[PDB]
Amino acid sequence: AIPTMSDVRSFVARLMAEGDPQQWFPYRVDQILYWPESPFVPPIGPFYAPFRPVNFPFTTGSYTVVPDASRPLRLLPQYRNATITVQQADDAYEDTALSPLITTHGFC
Amino acid sequence: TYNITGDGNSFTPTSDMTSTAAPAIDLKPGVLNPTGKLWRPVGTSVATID
């Protein structure tokens, strides 16, 4: 609703990373999606679309308003046919691991 | 070209020189390819690689 200092600073931090879009724009115009989902009226200065219909997926759908779930979540690892080499697997684990950490034993 | 009706002409058929021409060539589909069709970055400058 009114965005928190916290959230803005988060969002900005995220933004100021890497990776580049597909539909660029000329600075002489606003370019509003050629796939006509967008409700594009006739605006003063924007022409329409990006000038260049390329190729990329799209679709329509609303967002499920789901609250912050104060519980850890389980995952069924349904598999896809792209099968990495053991060493790389391992490696990437090594790369992303939060481990080591001090294990709560619990009870035997 | 030379007058055929002259002297000096050899009639030497040898194993070495076994008649041949090019009777037919390979035209297998598989063989037709090599390869890549030529394309362009939409048509604009070096940006549209995508």
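Residues numbered from 1 in each chain as written, not as in the entry; some residues may be left out. Chains lettered and ligands numbered in written order. Part of a larger assembly, values for the part shown. Heavy atoms only, no water.

- Method of structure determination, per the deposited record: cryo-EM was used for this entry, reaching 4.5 Å resolution.

**Brief notes about the overall build of chain B**
Then, number 1: In terms of helices and strands, chain B carries 1 helix and 0 strands.
Then, number 2: For a compact globule of 50 residues, the expected C-alpha radius of gyration is about 10 Å, and chain B comes in at 27 Å, more than 25% above that figure.
Then, number 3: Seen along its three principal axes, the alpha-carbon backbone of chain B occupies a region of about 75 × 30 × 15 Å.
Then, number 4: Of all 50 residues assigned to chain B, the portion counted as buried reaches 4%.
Then, number 5: Surface exposure of chain B reaches about 5300 Å², of which carbon and sulfur atoms provide 60%. (Helix = DSSP H or I, 4+ residues; strand = E, 2+ residues; numbered from the N terminus. Rg over C-alpha atoms; globule rule 2.2 N^0.38 Å. Buried < 20%, exposed > 50% of the residue type's maximum accessible area, 1.4 Å probe, protein only. Areas by Shrake-Rupley, 256 points an atom, 1.4 Å probe, with all protein chains shown as cover.)

**Topic: the side chain of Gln 22 of chain A**
Then, number 1: One can find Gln 22 of chain A in the loop between α1 (5-15) and α2 (86-96).
Then, number 2: Polar contacts involving the side chain of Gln 22 of chain A include one to the main-chain carbonyl oxygen of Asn 55 of chain A, which spans 3.0 Å.
Then, number 3: Not counting residues up to four positions away in its chain, the partners in contact with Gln 22 of chain A are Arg 52, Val 54, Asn 55 and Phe 56 of chain A together with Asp 50 of chain B. (Polar contact = N/O pair within 3.5 Å; in protein donor to acceptor, adjacent residues only side chain to side chain. Contact = heavy atoms within 4.5 Å.)

**Examining the environment of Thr 83 of chain A**
Residues and elements named next belong to chain A.
Then, number 1: If you trace the backbone, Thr 83 turns up in the loop between α1 and α2.
Then, number 2: Note on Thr 83: relative accessible area 71%, which makes it exposed.
Then, number 3: Between the alpha carbons of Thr 83 and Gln 22 there is a distance of 28 Å; along the sequence they are 61 residues apart.

**Regarding the packing of aromatic side chains**
Given two aromatic rings, one states the distance between the centres and the angle between the planes to describe the pair.
All names here are of chain A.
Then, number 1: Evaluation of the coordinates by the stated rule reveals 5 aromatic pairs over all chains.
Then, number 2: Plain terms: the ring middles of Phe 25 and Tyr 27 are 5.1 Å apart, the flat faces sit at 35° to each other, and that makes the pair tilted.
Then, number 3: Owing to a relative accessible area of 65%, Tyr 27 belongs among the exposed residues under this scheme.
Then, number 4: Through a chain of ring-to-ring contacts, three or more aromatic side chains come together here, namely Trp 35, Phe 56 and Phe 58. (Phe/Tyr/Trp six-rings, centres within 6.5 Å; stacked < 30°, edge-to-face > 60°.)

**Here's the deal with the side chain of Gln 31 of chain A**
Residues and elements named next belong to chain A.
Then, number 1: If you trace the backbone, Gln 31 turns up in the loop between α1 and α2.
Then, number 2: Here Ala 49 takes part through its backbone oxygen, which lies 3.2 Å from a polar atom of the side chain of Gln 31.
Then, number 3: At 3.2 Å, the side chain of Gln 31 and the backbone nitrogen of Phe 51 are in polar contact.
Then, number 4: Look past the residues within four positions of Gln 31 in its chain and what remains in contact with it is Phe 25, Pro 26, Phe 47, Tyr 48, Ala 49, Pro 50 and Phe 51.

**Let's talk about a nonpolar patch on the surface**
Then, number 1: There is a patch of nonpolar side chains on the surface, built from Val 8, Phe 11, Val 12, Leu 15 and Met 16 of chain A and spanning about 540 Å² of accessible area.
Then, number 2: Of note, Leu 15 of chain A is situated in helix α1. (Patch = residues over 30% accessible without salt bridge, like charges linked within 9 Å, V, L, I, M, F, W, Y side chains within 5 Å. Salt bridge = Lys/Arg side-chain N within 4 Å of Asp/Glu carboxyl O.)

**Looking at the pattern of salt bridges**
Then, number 1: Applying the stated criterion across every chain, the model contains 1 salt bridge over all chains.
Then, number 2: In this structure, the salt-bridge partner of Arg 52 of chain A is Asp 50 of chain B, at a minimum N-O distance of 3.8 Å. With one member in each of two chains, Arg 52 of chain A in the loop between α1 and α2 and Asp 50 of chain B in the segment after α1 (29-32) form a pair that bridges those chains.

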